[PDB]
Structure formats: structure tokens, C-alpha cells
$ cat structure.csv   # CSV, C-alpha atoms and all ligand atoms
chain,number,residue,atom,x,y,z
A,5,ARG,CA,-115.5,15.6,-123.6
A,6,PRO,CA,-113.9,18.1,-125.9
A,7,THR,CA,-110.5,19.5,-125.1
A,8,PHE,CA,-110.8,23.0,-123.7
A,9,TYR,CA,-108.3,25.8,-123.8
A,10,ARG,CA,-107.7,28.9,-121.6
A,11,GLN,CA,-107.0,32.6,-122.2
A,12,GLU,CA,-107.7,36.0,-120.7
A,13,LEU,CA,-109.8,38.7,-122.3
A,14,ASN,CA,-109.3,41.6,-119.9
A,15,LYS,CA,-110.5,41.2,-116.4
A,16,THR,CA,-112.5,38.2,-117.5
A,17,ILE,CA,-110.8,34.8,-118.0
A,18,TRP,CA,-112.1,32.2,-120.5
A,19,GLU,CA,-111.7,28.4,-120.8
A,20,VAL,CA,-113.7,27.1,-123.8
A,21,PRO,CA,-113.6,24.1,-126.2
A,22,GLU,CA,-111.1,24.4,-129.1
A,23,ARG,CA,-114.2,24.2,-131.4
A,24,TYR,CA,-114.6,27.9,-130.7
A,25,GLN,CA,-111.9,30.1,-132.2
A,26,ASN,CA,-110.8,33.8,-132.2
A,27,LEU,CA,-112.8,35.1,-129.2
A,28,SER,CA,-113.5,38.8,-129.3
A,29,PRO,CA,-115.1,40.8,-126.4
A,30,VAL,CA,-118.4,42.3,-127.6
A,31,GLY,CA,-119.8,43.8,-124.3
A,32,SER,CA,-120.5,43.1,-120.7
A,33,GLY,CA,-123.5,42.7,-118.4
A,34,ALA,CA,-124.2,42.3,-114.6
A,35,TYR,CA,-124.8,38.6,-115.4
A,36,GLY,CA,-121.8,37.9,-117.7
A,37,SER,CA,-119.6,39.0,-120.6
A,38,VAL,CA,-120.0,38.0,-124.2
A,39,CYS,CA,-117.4,37.0,-126.9
A,40,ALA,CA,-118.0,36.8,-130.6
A,41,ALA,CA,-116.4,33.6,-131.9
A,42,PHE,CA,-115.9,31.3,-134.9
A,43,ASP,CA,-117.3,27.8,-134.5
A,44,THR,CA,-115.1,25.6,-136.8
A,45,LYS,CA,-117.5,22.7,-136.5
A,46,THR,CA,-120.2,24.7,-138.3
A,47,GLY,CA,-118.3,27.6,-140.0
A,48,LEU,CA,-120.8,29.8,-138.2
A,49,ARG,CA,-120.0,33.1,-136.4
A,50,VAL,CA,-121.3,32.5,-132.9
A,51,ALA,CA,-121.6,34.4,-129.6
A,52,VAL,CA,-120.4,32.9,-126.4
A,53,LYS,CA,-121.5,34.1,-123.0
A,54,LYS,CA,-119.8,33.3,-119.7
A,55,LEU,CA,-122.1,33.7,-116.7
A,56,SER,CA,-120.5,36.1,-114.2
A,57,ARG,CA,-121.3,34.6,-110.8
A,58,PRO,CA,-123.3,31.5,-111.8
A,59,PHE,CA,-124.0,30.6,-108.2
A,60,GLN,CA,-123.0,33.6,-106.1
A,61,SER,CA,-126.3,33.2,-104.1
A,62,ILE,CA,-129.8,31.7,-104.1
A,63,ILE,CA,-130.9,34.3,-106.7
A,64,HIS,CA,-127.9,34.0,-109.0
A,65,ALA,CA,-128.2,30.2,-108.9
A,66,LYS,CA,-132.0,30.3,-109.6
A,67,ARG,CA,-131.5,32.8,-112.3
A,68,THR,CA,-128.8,30.7,-113.9
A,69,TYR,CA,-131.1,27.6,-113.8
A,70,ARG,CA,-133.8,29.8,-115.4
A,71,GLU,CA,-131.5,31.2,-118.1
A,72,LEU,CA,-130.6,27.7,-119.1
A,73,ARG,CA,-134.2,26.3,-119.0
A,74,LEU,CA,-135.6,29.1,-121.1
A,75,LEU,CA,-132.9,29.1,-123.8
A,76,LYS,CA,-133.0,25.3,-124.1
A,77,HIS,CA,-136.7,25.5,-124.7
A,78,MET,CA,-136.7,28.3,-127.2
A,79,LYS,CA,-136.8,27.0,-130.8
A,80,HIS,CA,-138.2,29.7,-133.1
A,81,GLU,CA,-136.7,31.8,-135.9
A,82,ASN,CA,-137.6,35.1,-134.1
A,83,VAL,CA,-136.4,34.0,-130.7
A,84,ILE,CA,-132.8,33.5,-129.4
A,85,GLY,CA,-131.9,29.8,-129.2
A,86,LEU,CA,-129.1,27.7,-127.8
A,87,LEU,CA,-126.5,26.3,-130.1
A,88,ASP,CA,-124.5,24.8,-127.3
A,89,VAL,CA,-123.9,25.0,-123.5
A,90,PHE,CA,-120.7,23.8,-121.8
A,91,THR,CA,-118.6,23.8,-118.6
A,92,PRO,CA,-114.9,23.3,-117.8
A,93,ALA,CA,-115.8,21.1,-114.8
A,94,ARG,CA,-115.7,17.3,-115.2
A,95,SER,CA,-117.9,16.9,-112.1
A,96,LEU,CA,-120.5,18.7,-110.1
A,97,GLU,CA,-117.8,19.1,-107.4
A,98,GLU,CA,-115.8,21.3,-109.7
A,99,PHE,CA,-118.8,22.8,-111.4
A,100,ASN,CA,-118.6,26.6,-111.0
A,101,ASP,CA,-118.8,28.1,-114.5
A,102,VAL,CA,-121.4,28.1,-117.2
A,103,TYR,CA,-121.0,29.0,-120.9
A,104,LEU,CA,-123.9,29.5,-123.3
A,105,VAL,CA,-123.5,29.7,-127.1
A,106,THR,CA,-125.8,31.2,-129.7
A,107,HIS,CA,-125.9,32.7,-133.2
A,108,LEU,CA,-124.0,36.0,-133.6
A,109,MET,CA,-126.5,38.5,-134.8
A,110,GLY,CA,-124.5,41.7,-134.8
A,111,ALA,CA,-126.4,44.9,-134.1
A,112,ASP,CA,-129.4,45.7,-131.8
A,113,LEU,CA,-132.7,47.1,-132.9
A,114,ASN,CA,-131.4,50.4,-131.7
A,115,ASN,CA,-128.3,50.7,-133.9
A,116,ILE,CA,-130.3,50.3,-137.1
A,117,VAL,CA,-131.0,53.9,-137.9
A,122,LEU,CA,-137.0,53.4,-141.3
A,123,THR,CA,-139.1,52.8,-144.4
A,124,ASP,CA,-142.6,51.6,-143.7
A,125,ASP,CA,-141.5,48.3,-145.3
A,126,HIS,CA,-138.8,47.5,-142.7
A,127,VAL,CA,-141.1,48.6,-140.0
A,128,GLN,CA,-143.8,46.1,-140.9
A,129,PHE,CA,-141.1,43.4,-141.4
A,130,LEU,CA,-139.4,44.2,-138.1
A,131,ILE,CA,-142.5,44.5,-135.9
A,132,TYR,CA,-143.9,41.5,-137.7
A,133,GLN,CA,-141.0,39.3,-136.6
A,134,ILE,CA,-141.3,40.6,-133.0
A,135,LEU,CA,-145.0,39.6,-132.9
A,136,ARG,CA,-144.2,36.3,-134.5
A,137,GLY,CA,-141.7,35.6,-131.8
A,138,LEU,CA,-143.9,37.0,-129.1
A,139,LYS,CA,-146.8,34.8,-130.2
A,140,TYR,CA,-144.5,31.8,-129.7
A,141,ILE,CA,-143.0,32.7,-126.3
A,142,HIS,CA,-146.4,33.9,-125.1
A,143,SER,CA,-147.9,30.5,-126.0
A,144,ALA,CA,-145.7,29.0,-123.3
A,145,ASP,CA,-146.9,31.3,-120.6
A,146,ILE,CA,-143.7,33.3,-120.7
A,147,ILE,CA,-144.0,37.1,-120.4
A,148,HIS,CA,-140.8,39.0,-121.5
A,149,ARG,CA,-141.7,42.1,-119.5
A,150,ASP,CA,-138.5,43.8,-120.5
A,151,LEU,CA,-138.9,44.4,-124.2
A,152,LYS,CA,-136.9,47.3,-125.7
A,153,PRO,CA,-134.5,48.0,-128.7
A,154,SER,CA,-131.4,46.6,-127.1
A,155,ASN,CA,-133.1,43.2,-126.5
A,156,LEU,CA,-133.9,42.9,-130.2
A,157,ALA,CA,-131.1,41.3,-132.4
A,158,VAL,CA,-131.2,42.2,-136.1
A,159,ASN,CA,-128.7,41.1,-138.7
A,160,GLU,CA,-127.8,42.7,-142.1
A,161,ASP,CA,-130.6,40.7,-143.6
A,162,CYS,CA,-133.2,42.5,-141.3
A,163,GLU,CA,-133.9,39.2,-139.6
A,164,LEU,CA,-134.9,39.6,-136.0
A,165,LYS,CA,-134.7,37.5,-132.8
A,166,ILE,CA,-136.1,38.5,-129.4
A,167,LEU,CA,-133.7,38.0,-126.5
A,168,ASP,CA,-132.9,39.4,-123.1
A,169,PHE,CA,-129.5,40.8,-122.1
A,170,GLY,CA,-129.3,42.6,-118.7
A,184,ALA,CA,-133.6,52.8,-120.5
A,185,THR,CA,-136.4,50.4,-119.6
A,186,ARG,CA,-139.2,52.4,-118.2
A,187,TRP,CA,-139.5,54.1,-121.5
A,188,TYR,CA,-141.1,50.9,-122.8
A,189,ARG,CA,-142.9,49.5,-119.8
A,190,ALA,CA,-146.7,49.2,-119.9
A,191,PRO,CA,-148.4,51.5,-117.3
A,192,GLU,CA,-149.8,48.7,-115.2
A,193,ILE,CA,-146.2,47.6,-114.4
A,194,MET,CA,-145.2,51.2,-113.7
A,195,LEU,CA,-147.8,51.8,-111.0
A,196,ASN,CA,-146.3,48.7,-109.4
A,197,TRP,CA,-149.3,46.5,-110.1
A,198,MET,CA,-148.6,42.7,-109.7
A,199,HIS,CA,-151.5,41.0,-111.6
A,200,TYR,CA,-150.5,42.0,-115.2
A,201,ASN,CA,-151.1,39.8,-118.3
A,202,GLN,CA,-148.9,39.0,-121.3
A,203,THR,CA,-150.0,42.2,-123.2
A,204,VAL,CA,-147.4,44.1,-121.2
A,205,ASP,CA,-145.1,43.0,-124.0
A,206,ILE,CA,-147.5,44.2,-126.7
A,207,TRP,CA,-147.3,47.7,-125.1
A,208,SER,CA,-143.5,47.6,-125.4
A,209,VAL,CA,-143.9,46.5,-129.1
A,210,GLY,CA,-146.2,49.5,-129.5
A,211,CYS,CA,-143.5,51.8,-128.1
A,212,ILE,CA,-140.8,50.3,-130.2
A,213,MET,CA,-142.9,50.5,-133.4
A,214,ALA,CA,-143.6,54.2,-132.8
A,215,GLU,CA,-139.9,54.8,-132.3
A,216,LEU,CA,-139.1,53.4,-135.7
A,217,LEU,CA,-141.8,55.2,-137.8
A,218,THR,CA,-140.9,58.4,-135.9
A,219,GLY,CA,-137.2,58.3,-134.9
A,220,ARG,CA,-138.0,59.5,-131.4
A,221,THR,CA,-138.6,57.5,-128.2
A,222,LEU,CA,-142.3,57.8,-127.7
A,223,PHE,CA,-142.2,58.1,-123.9
A,224,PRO,CA,-138.9,59.5,-122.6
A,225,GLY,CA,-139.8,59.6,-118.9
A,226,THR,CA,-137.4,60.5,-116.1
A,227,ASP,CA,-138.9,58.2,-113.5
A,228,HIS,CA,-141.9,56.1,-112.6
A,229,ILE,CA,-144.0,59.3,-112.2
A,230,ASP,CA,-142.9,61.4,-115.2
A,231,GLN,CA,-143.1,58.3,-117.4
A,232,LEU,CA,-146.7,57.7,-116.3
A,233,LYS,CA,-147.6,61.3,-117.0
A,234,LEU,CA,-146.1,61.3,-120.5
A,235,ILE,CA,-148.1,58.1,-121.2
A,236,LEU,CA,-151.5,59.6,-120.1
A,237,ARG,CA,-150.6,62.7,-122.1
A,238,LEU,CA,-151.3,60.5,-125.2
A,239,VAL,CA,-153.7,57.7,-124.3
A,240,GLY,CA,-155.6,60.0,-121.9
A,241,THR,CA,-156.7,59.6,-118.3
A,242,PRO,CA,-158.4,56.3,-117.3
A,243,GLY,CA,-162.2,56.4,-117.5
A,244,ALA,CA,-164.8,54.9,-115.2
A,245,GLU,CA,-164.3,51.4,-116.4
A,246,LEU,CA,-160.5,51.4,-115.9
A,247,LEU,CA,-160.4,53.2,-112.6
A,248,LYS,CA,-162.9,50.7,-111.5
A,249,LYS,CA,-160.3,47.9,-111.8
A,250,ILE,CA,-157.5,49.5,-109.9
A,251,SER,CA,-157.0,47.9,-106.5
A,252,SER,CA,-154.3,50.2,-105.1
A,253,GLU,CA,-156.0,53.2,-103.5
A,254,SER,CA,-152.6,54.7,-103.7
A,255,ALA,CA,-152.4,54.4,-107.5
A,256,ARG,CA,-156.1,55.1,-107.9
A,257,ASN,CA,-155.8,58.3,-105.9
A,258,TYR,CA,-152.7,59.3,-107.9
A,259,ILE,CA,-154.3,59.0,-111.4
A,260,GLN,CA,-157.6,60.6,-110.3
A,261,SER,CA,-155.6,63.5,-108.8
A,262,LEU,CA,-154.2,64.5,-112.2
A,263,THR,CA,-155.7,67.2,-114.5
A,264,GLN,CA,-158.1,65.1,-116.7
A,265,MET,CA,-156.2,64.4,-119.9
A,266,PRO,CA,-158.0,63.5,-123.2
A,267,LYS,CA,-156.9,60.8,-125.6
A,268,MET,CA,-155.2,62.2,-128.7
A,269,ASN,CA,-155.9,61.4,-132.3
A,270,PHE,CA,-153.1,59.0,-133.3
A,271,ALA,CA,-153.6,60.1,-136.9
A,272,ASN,CA,-152.2,63.5,-135.7
A,273,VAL,CA,-149.5,62.3,-133.3
A,274,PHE,CA,-148.0,60.1,-136.0
A,275,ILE,CA,-148.3,62.7,-138.8
A,276,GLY,CA,-147.9,61.0,-142.2
A,277,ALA,CA,-147.4,57.3,-141.4
A,278,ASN,CA,-149.1,54.3,-143.0
A,279,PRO,CA,-152.8,54.6,-141.9
A,280,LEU,CA,-152.8,50.8,-141.2
A,281,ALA,CA,-149.8,51.4,-139.0
A,282,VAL,CA,-151.5,54.1,-137.0
A,283,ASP,CA,-154.5,51.8,-136.4
A,284,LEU,CA,-152.3,49.0,-135.0
A,285,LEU,CA,-150.6,51.6,-132.7
A,286,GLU,CA,-154.1,52.4,-131.4
A,287,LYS,CA,-154.8,48.8,-130.6
A,288,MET,CA,-151.4,48.3,-128.9
A,289,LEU,CA,-151.2,51.4,-126.8
A,290,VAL,CA,-154.5,50.9,-124.9
A,291,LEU,CA,-154.2,51.7,-121.2
A,292,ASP,CA,-156.5,48.8,-120.1
A,293,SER,CA,-154.5,45.5,-120.5
A,294,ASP,CA,-157.8,43.8,-120.8
A,295,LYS,CA,-158.5,45.4,-124.2
A,296,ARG,CA,-155.0,45.4,-125.7
A,297,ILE,CA,-154.5,43.4,-128.8
A,298,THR,CA,-152.5,40.2,-128.4
A,299,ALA,CA,-149.5,39.0,-130.3
A,300,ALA,CA,-151.7,36.4,-132.1
A,301,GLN,CA,-154.4,38.9,-133.0
A,302,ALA,CA,-151.8,41.5,-134.2
A,303,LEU,CA,-150.2,39.1,-136.6
A,304,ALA,CA,-153.6,39.2,-138.4
A,305,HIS,CA,-153.9,43.0,-138.5
A,306,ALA,CA,-154.1,44.3,-142.1
A,307,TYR,CA,-150.9,46.1,-141.6
A,308,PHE,CA,-149.0,42.8,-141.9
A,309,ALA,CA,-151.0,41.5,-144.8
A,310,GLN,CA,-147.8,41.6,-146.8
A,311,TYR,CA,-146.2,39.0,-144.4
A,312,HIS,CA,-148.9,37.2,-142.4
A,313,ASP,CA,-149.2,33.5,-142.9
A,314,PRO,CA,-151.2,31.7,-140.1
A,315,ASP,CA,-149.6,28.4,-141.3
A,316,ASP,CA,-146.1,29.7,-140.4
A,317,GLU,CA,-146.7,31.3,-137.0
A,318,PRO,CA,-146.1,28.3,-134.7
A,319,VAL,CA,-146.6,28.0,-130.9
A,320,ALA,CA,-144.2,26.5,-128.4
A,321,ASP,CA,-144.2,23.1,-126.8
A,322,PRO,CA,-145.5,23.2,-123.2
A,323,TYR,CA,-143.0,24.8,-120.8
A,324,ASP,CA,-142.6,23.6,-117.2
A,325,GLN,CA,-142.0,26.6,-115.0
A,326,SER,CA,-143.2,25.2,-111.7
A,327,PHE,CA,-139.7,25.7,-110.4
A,328,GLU,CA,-140.4,29.4,-110.5
A,329,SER,CA,-142.4,29.0,-107.2
A,330,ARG,CA,-139.7,26.8,-105.6
A,331,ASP,CA,-137.3,27.9,-102.9
A,332,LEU,CA,-134.1,25.9,-103.0
A,333,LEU,CA,-130.6,25.9,-101.7
A,334,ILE,CA,-127.6,26.9,-103.9
A,335,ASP,CA,-126.4,23.4,-104.3
A,336,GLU,CA,-129.9,22.1,-105.4
A,337,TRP,CA,-130.3,25.0,-108.0
A,338,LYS,CA,-126.7,24.1,-109.0
A,339,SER,CA,-127.3,20.4,-109.3
A,340,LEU,CA,-130.5,21.0,-111.4
A,341,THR,CA,-128.4,23.3,-113.6
A,342,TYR,CA,-125.6,20.7,-114.0
A,343,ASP,CA,-128.1,18.1,-115.1
A,344,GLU,CA,-129.4,20.6,-117.7
A,345,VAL,CA,-126.0,21.2,-119.2
A,346,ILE,CA,-125.3,17.4,-119.4
A,347,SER,CA,-128.6,16.5,-121.0
A,348,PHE,CA,-128.3,19.2,-123.7
A,349,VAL,CA,-128.8,18.1,-127.3
A,350,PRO,CA,-127.7,20.5,-130.0
A,351,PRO,CA,-129.9,21.6,-132.9
A,352,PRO,CA,-129.7,20.1,-136.5
A,401,LIG,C1,-133.8,35.8,-119.8
A,401,LIG,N1,-134.2,35.4,-121.2
A,401,LIG,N2,-135.5,35.4,-121.6
A,401,LIG,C2,-135.5,35.1,-122.9
A,401,LIG,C3,-136.6,35.0,-123.7
A,401,LIG,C4,-137.9,35.5,-123.0
A,401,LIG,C5,-136.4,36.0,-125.0
A,401,LIG,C6,-136.8,33.6,-124.2
A,401,LIG,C7,-134.2,34.9,-123.3
A,401,LIG,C8,-133.4,35.1,-122.2
A,401,LIG,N3,-132.1,34.9,-122.0
A,401,LIG,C9,-131.2,35.3,-122.9
A,401,LIG,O1,-131.5,35.9,-124.0
A,401,LIG,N4,-129.9,35.1,-122.7
A,401,LIG,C10,-128.9,35.4,-123.5
A,401,LIG,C11,-127.9,34.4,-123.6
A,401,LIG,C12,-126.8,34.7,-124.4
A,401,LIG,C13,-126.7,35.8,-125.0
A,401,LIG,CL1,-125.3,36.1,-126.0
A,401,LIG,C14,-127.7,36.8,-125.0
A,401,LIG,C15,-128.8,36.5,-124.2

$ encode --input "structure.csv" --output "C-alpha cells"
Amino acid sequence: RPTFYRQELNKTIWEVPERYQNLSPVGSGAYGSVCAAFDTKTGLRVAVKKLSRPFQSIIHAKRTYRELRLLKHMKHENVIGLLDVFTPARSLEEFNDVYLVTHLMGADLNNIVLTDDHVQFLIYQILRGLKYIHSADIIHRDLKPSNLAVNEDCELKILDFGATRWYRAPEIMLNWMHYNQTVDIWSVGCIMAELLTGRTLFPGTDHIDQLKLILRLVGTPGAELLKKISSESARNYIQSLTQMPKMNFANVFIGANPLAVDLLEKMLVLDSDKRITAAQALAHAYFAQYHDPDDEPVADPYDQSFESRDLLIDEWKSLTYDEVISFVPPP
């Protein structure tokens, strides 16, 4: 066991292994605070996150176990990955705090403020990462600029901290609960549009306004789409709106790469059943300058059967403690 060392960075107190030097608060979340740090064992600049209330309840505990399982499984250039995970506790009895460590990226996809070149490189990496995580039956469902880490080299990694509705696919707005992975593709679509344009494509004020703005572009749902909506509530809402026609994307996005406007068409389709997938998008002619089907790997199988489990805090804690102890760092 390494020798830890304590210190206080504002309201939050930290106790980490000597290996990590010069901690600097970088921001807070409802799930923990993060500190940029120097890992002397690797010379790398890293980010260290201390989970707020690891096991405050059944939900916090389960979430904590989830946070750990996901990050330990992610091993892709365009996805956040675990460098190290540690705890001050020498036993499960004293186990109350979790610290995750990862590569320090710097700025978010928002900060960066884009030449058609960066746009196709940027979105290309998102899709490359999305293909990977999607291949493990994992849906992000919360994709947006702030959850996209980009370095000065324009390298991108998808991640999940913790607006949002501005990027949510319509079938997750209406409160539907049988949505596929392509909800993420819709977010990509919204993000891509924001880069080529410089404006958030759908700046809605609520779940209703947001849905209106969307339809204002993609148009009202036709016979085939209304036909698949279970919720009489939702169905009656949509049908009760002044019919809206689909717009010509070539017009909406004035003078943008024509190949880029075509991909936007395929990503912002209202019916999740006909929306392009991450894998299929990596092959769109728009990414011909970067696509390489030999370097767009899928993930190893991911066991998420725990997601349907209902356990006590100590069990979710025990499972999490095992996970921290069995961790094996990357090369
Ligand atoms: C909840 N979740 N989901 C994913 C994906 C789907 C991107 C693998 C990743 C995460 N979790 C995280 O991204 N967690 C995390 C940990 C440390 C820092 Cl500094 C920032 C973020």
C-alpha cells in the first residue's frame, strides 16, 4: 500500500497517495470534486476525482459501483479510461471514500470556440468512441459539449460529468422508455450542428418548447411514426400541433460542406428506427478523410446484469471495494 498524505482544498478534504502531486481544484459536481494533479510515477498530468457521498444511500452506492465498473471497462482512445483508483481505507470496515484518476484533458468541447476540418475530425472521434461504447450495450443518453474532453491536439474523449434537453433526442423528451442507442446519435447531430454553425440548434426552455423547436426543423411525424407512439398522451400532443413540414437542411445550414449537411439529415431523423448508427456514420463519405474500418474497434463484452439488481448499501459497497482492490493499471 502506497503512503497517502492529507490536505484540504476548500470545503473538500483530500487524502491521496504521494505519487500524485500539486493538487489543484478544477471544478465540482453533485457526485464529487476534481483536482488536476501531477503523477510523478508517469510524468503525466492527471485528473483526480473524489466521490462526494460514495455510499450516502442505495442510489449513491449503486451509482458508485456503476461509475467504477464502467470506467474500469472503457479502453478506447476516444473514451475516458481509468489510470488508477484508490482509497485511504485499509479495510472494508473503514472504507468510506473513493478516488478515481484519469488523463487530464483540459477544456471541454464547449470552450473550443470551427473549420470544416476540425468538425469532421471532432465528430469523427465522437462516433469512433460511440461505436465502441455502443458495442457494449451502453447508451450514453446524456451527450453534450461539456461531456466531451478535447486537448490542444484536438484529440477527443467522451465522458460523463454530472443544458441537457438541448441535446436529447425527441423520444426521450416525450418520456418514452423503449429508446435505442441512436439517442446518442441525435445528440451528436445536435453537437455537430452547433460547431459548423456557432449556435445551439435547439435552445428549448422546457420539455415542451424543446419538442416544438425540434419539429420546427425535422417536421411533424407522419403516419408511420405516429403509428409507433404508444402514449395516447404524447400521440395526442404531437397530432394537436399545427402540421409542420420538414425543412431543407441545405437551407438551414447555409454554406456548409454538402457532405456534412447530408450526415446531419441522417442523424436528425425523428424516428429512432431509421436514424444512422455510430458504425454506419463512420462510413459516411464525410469522414472519408479519416475513416479506417481496421482501426474502429469494438469493446469486450460488458456485464451489466447488476443494473437490474436491488441491493443493500453494504453489498453495493462490498462489490465496490472488491473492484478497487482488483484493479490493474494500464501499460
Ligand atoms: C457515468 N459514465 N459513463 C461513461 C461513459 C458512458 C462515457 C463510459 C463515463 C462515465 N463516468 C465518468 O466519465 N466519470 C468520470 C470520472 C472522472 C472524471 Cl475526472 C470525469 C468523469

$ residues_near_ligand --input "structure.csv" --ligand "ligand LIG 401 (chain A)" --cutoff "6 Å" --atoms "only C-alpha atoms and all ligand atoms" --output "PyMOL selection string"
chain A and resi 38+51-53+71+74-75+148+166-169

$ closest_residue --input "structure.csv" --among "A:142, A:112, A:298, A:208" --to "residue 157 (chain A)" --atoms "all atoms listed in the file"
A:112

$ atom_distance --input "structure.csv" --atom1 "CA of residue 301 (chain A)" --atom2 "CA of residue 220 (chain A)"
26.4 Å

$ atom_distance --input "structure.csv" --atom1 "CA of residue 316 (chain A)" --atom2 "CA of residue 212 (chain A)"
23.6 Å

$ closest_residue --input "structure.csv" --among "A:103, A:62, A:92, A:110" --to "residue 8 (chain A)" --atoms "only C-alpha atoms"
A:92

$ build_atoms --input "structure.csv" --residues "region 273-288 of chain A" --atoms "N, CA and C atoms" --output "PDB file, in the coordinates of the input"
ATOM      1  N   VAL A 273    -150.810  62.565-133.904  1.00  0.00           N
ATOM      2  CA  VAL A 273    -149.500  62.300-133.300  1.00  0.00           C
ATOM      3  C   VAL A 273    -148.492  61.704-134.212  1.00  0.00           C
ATOM      4  N   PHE A 274    -148.893  60.734-135.028  1.00  0.00           N
ATOM      5  CA  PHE A 274    -148.000  60.100-136.000  1.00  0.00           C
ATOM      6  C   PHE A 274    -148.319  60.659-137.373  1.00  0.00           C
ATOM      7  N   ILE A 275    -148.017  61.940-137.581  1.00  0.00           N
ATOM      8  CA  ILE A 275    -148.300  62.700-138.800  1.00  0.00           C
ATOM      9  C   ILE A 275    -148.612  61.872-140.065  1.00  0.00           C
ATOM     10  N   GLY A 276    -147.643  61.721-140.960  1.00  0.00           N
ATOM     11  CA  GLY A 276    -147.900  61.000-142.200  1.00  0.00           C
ATOM     12  C   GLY A 276    -147.300  59.594-142.211  1.00  0.00           C
ATOM     13  N   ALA A 277    -147.904  58.684-141.452  1.00  0.00           N
ATOM     14  CA  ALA A 277    -147.400  57.300-141.400  1.00  0.00           C
ATOM     15  C   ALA A 277    -148.529  56.427-142.012  1.00  0.00           C
ATOM     16  N   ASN A 278    -148.165  55.225-142.438  1.00  0.00           N
ATOM     17  CA  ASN A 278    -149.100  54.300-143.000  1.00  0.00           C
ATOM     18  C   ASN A 278    -150.402  54.335-142.135  1.00  0.00           C
ATOM     19  N   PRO A 279    -151.576  54.582-142.726  1.00  0.00           N
ATOM     20  CA  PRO A 279    -152.800  54.600-141.900  1.00  0.00           C
ATOM     21  C   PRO A 279    -153.011  53.255-141.175  1.00  0.00           C
ATOM     22  N   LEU A 280    -152.653  52.147-141.822  1.00  0.00           N
ATOM     23  CA  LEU A 280    -152.800  50.800-141.200  1.00  0.00           C
ATOM     24  C   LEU A 280    -151.862  50.682-140.010  1.00  0.00           C
ATOM     25  N   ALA A 281    -150.764  51.433-140.037  1.00  0.00           N
ATOM     26  CA  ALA A 281    -149.800  51.400-139.000  1.00  0.00           C
ATOM     27  C   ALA A 281    -150.265  52.178-137.756  1.00  0.00           C
ATOM     28  N   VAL A 282    -150.978  53.270-138.017  1.00  0.00           N
ATOM     29  CA  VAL A 282    -151.500  54.100-137.000  1.00  0.00           C
ATOM     30  C   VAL A 282    -152.633  53.385-136.227  1.00  0.00           C
ATOM     31  N   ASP A 283    -153.354  52.556-136.968  1.00  0.00           N
ATOM     32  CA  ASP A 283    -154.500  51.800-136.400  1.00  0.00           C
ATOM     33  C   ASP A 283    -153.958  50.714-135.474  1.00  0.00           C
ATOM     34  N   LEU A 284    -152.854  50.072-135.845  1.00  0.00           N
ATOM     35  CA  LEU A 284    -152.300  49.000-135.000  1.00  0.00           C
ATOM     36  C   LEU A 284    -151.734  49.663-133.724  1.00  0.00           C
ATOM     37  N   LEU A 285    -151.174  50.863-133.837  1.00  0.00           N
ATOM     38  CA  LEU A 285    -150.600  51.600-132.700  1.00  0.00           C
ATOM     39  C   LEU A 285    -151.732  51.863-131.683  1.00  0.00           C
ATOM     40  N   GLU A 286    -152.925  52.125-132.208  1.00  0.00           N
ATOM     41  CA  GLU A 286    -154.100  52.400-131.400  1.00  0.00           C
ATOM     42  C   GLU A 286    -154.444  51.200-130.575  1.00  0.00           C
ATOM     43  N   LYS A 287    -154.427  50.052-131.243  1.00  0.00           N
ATOM     44  CA  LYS A 287    -154.800  48.800-130.600  1.00  0.00           C
ATOM     45  C   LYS A 287    -153.673  48.243-129.691  1.00  0.00           C
ATOM     46  N   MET A 288    -152.455  48.772-129.797  1.00  0.00           N
ATOM     47  CA  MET A 288    -151.400  48.300-128.900  1.00  0.00           C
ATOM     48  C   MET A 288    -151.201  49.195-127.710  1.00  0.00           C
TER      49      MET A 288
END
